[PDB]
Protein chains: 2
Amino acid sequence: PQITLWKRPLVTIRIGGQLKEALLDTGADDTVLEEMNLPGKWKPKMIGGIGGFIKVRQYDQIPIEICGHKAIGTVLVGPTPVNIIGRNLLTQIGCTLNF
Amino acid sequence: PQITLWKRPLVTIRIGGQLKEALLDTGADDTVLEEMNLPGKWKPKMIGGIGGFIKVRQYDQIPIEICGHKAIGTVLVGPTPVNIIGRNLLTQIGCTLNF
Ligand SMILES: CC[C@H](C)CN(C[C@@H](O)[C@H](Cc1ccccc1)NC(=O)OC[C@@H]1CCC(=O)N1)S(=O)(=O)c1ccc2ncsc2c1
């Protein structure tokens with residue numbers, strides 16, 4: 001599909017058996033999800049943006065389906081206000097910017 | 001151009017007569033540049049990101065040339081971690097997400 005940017009580019013994703021709305025975010029290196037109790041091992045991480053840093057839990061090799069396009073990779077879970085699909089998964093679904 | 005996302009989508013912009021590097025950021029409503037001087041009146045504003053809220057200066061109707069494409073719109077100036085081109089100007093240059 002083509003998604004214009006008049007509004008926030010929110011799409012449906014599925015992770016850990018939950019459907020969620022997430023921002024397709026070219027400015028995000030990593031994927032950051034709102035607090036959710038995922039099973040598995042994780043590693044602590046700090047990530048920075050506007051306002052400073054938040055603490056997140058890094059989970060690896062997590063399957064994520066984004067608008068019916070399958071992906072699998074690292075997901076960071078923490079107190080973000082919005083679910084953010086970052087470049088680590090955007091590349092996997094063949095997402096590009098075009099103008 | 002078509003820009004893939006295995007690297008950060010950084011591009012050269014021209015603003016207030018100066019060249020800068022900025023990140024094409026579909027996850028940002030608004031364009032936010034690191035501290036700099038711009039001519040004209042600005043209004044104090046606050047914006048929030050993943051780490052909390054910051055104070056910015058809002059400049060309206062500012063010409064910005066982005067990777068050769070002209071935009072004229074709102075530019076926020078303040079302590080962002082990197083220069084970001086948000087949807088307000090990405091729409092002006094006809095930028096879309098595609099997959
Ligand atoms: C440094 C560039 C940029 C500021 C990084 N951020 C991505 C932005 O697209 C970020 C995404 C976001 C959206 C809503 C609420 C919080 C955050 N946007 C952002 O800060 O915009 C400022 C405000 C908030 C939303 C908006 O439209 N304007 S991020 O902080 O969310 C982020 C995401 C993934 C990530 N991975 C490693 S560091 C890292 C940082």
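These numbers come from the heavy atoms of this one structure, side chains and all, not from hydrogens, waters or symmetry mates. To find a chain, count down the sequence lines: A is the first, B the second, and so on, and within it residues start at 1.
When atom types are taken as modelled, the side chain of B:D25 and the backbone of B:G86 share no donor-acceptor pair closer than 3.5 angstrom. Between the side chain of B:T26 and the main chain of A:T26, a donor-acceptor pair closer than 3.5 Å is present.
The shortest non-hydrogen separation linking B:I84 to B:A28 is CD1-CB, 3.7 Å. Closest of all the heavy-atom pairs between A:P44 and A:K55 is CB-CE, 4.4 Å. For the pair B:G78 and B:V56, the tightest heavy-atom approach, listed with the atom from each and the gap, is CA-CG1, 4.2 Å. When every heavy atom of B:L33 is checked against every heavy atom of B:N83, the shortest pair comes out as CA-OD1, 3.4 Å. Nearest approach of A:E34 to A:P81, heavy atoms of both residues: OE2-O, 3.4 Å. The two residues A:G52 and B:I50 come nearest to each other via the heavy atoms O-CG2, 4.2 Å.
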Going by atom type alone, with no hydrogens or angles, which donor-acceptor pairs under 3.5 Å involve a side-chain atom of residues 7-17 of chain A and a protein atom two or more places apart or on another chain?
residue : atom : partner : partner atom : Å
A:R8    : NE   : B:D29   : OD1          : 3.0
A:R8    : NH2  : B:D29   : OD2          : 2.8
A:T12   : OG1  : A:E21   : OE2          : 2.7
A:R14   : NH1  : A:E65   : OE1          : 3.2

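In this structure B:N88 satisfies the side-chain contact (heavy atoms from CB on, under 4.5 Å) test together with B:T31, B:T74, sequence neighbours excluded. Considering only residues two or more places apart in sequence or on other chains, A:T91 meets the side-chain contact (heavy atoms from CB on, under 4.5 Å) condition with B:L5, B:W6. A:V77 is linked by a side-chain contact (heavy atoms from CB on, under 4.5 Å) to A:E35, A:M36, A:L38, A:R57, A:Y59, A:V75, counting only residues two or more places apart in sequence or in another chain. A:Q61 is linked by a side-chain contact (heavy atoms from CB on, under 4.5 Å) to A:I72, counting only residues two or more places apart in sequence or in another chain.
Using a 4.5 Å cut-off on side-chain heavy atoms (C-beta onward), B:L90 and A:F99 make no contact. Counting heavy atoms from C-beta on, the side chains of B:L89 and B:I66 come closer than 4.5 Å. Contact annotation: the side chain of A:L23 never approaches that of A:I85 to less than 4.5 Å [non-hydrogen atoms, C-beta and beyond]. A 4.5 Å side-chain heavy-atom check between B:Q58 and B:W42 finds every atom pair outside the cut-off.
Taking SG of A:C95 as the start and NE2 of A:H69 as the end, the distance is 9.5 Å to the nearest 0.5 Å.
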- Could you give me the CA-CA distance, side-chain angles and deciding distance for A:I62 and A:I64, then say whether side chain to side chain contact (heavy atoms under 4.5 Å, CB included) is met? CA-CA 6 Å; A:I62 299 298; A:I64 310 297; 3.7 Å; yes

- Kindly indicate, with the supporting measurements, whether the criterion side chain to side chain contact (heavy atoms under 4.5 Å, CB included) is fulfilled by B:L97 and A:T96. CA-CA 6 Å; B:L97 286 159; A:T96 57; over 6 Å; no

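Pairs engaging residues 88-99 of chain A under the salt bridge (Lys or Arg N to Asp or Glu O under 4.0 Å) rule: none recorded [sequence neighbours left out].
For B:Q18, the CD atom is loosely surrounded, since the number of other residues' heavy atoms within 6.0 Å does not exceed 12.
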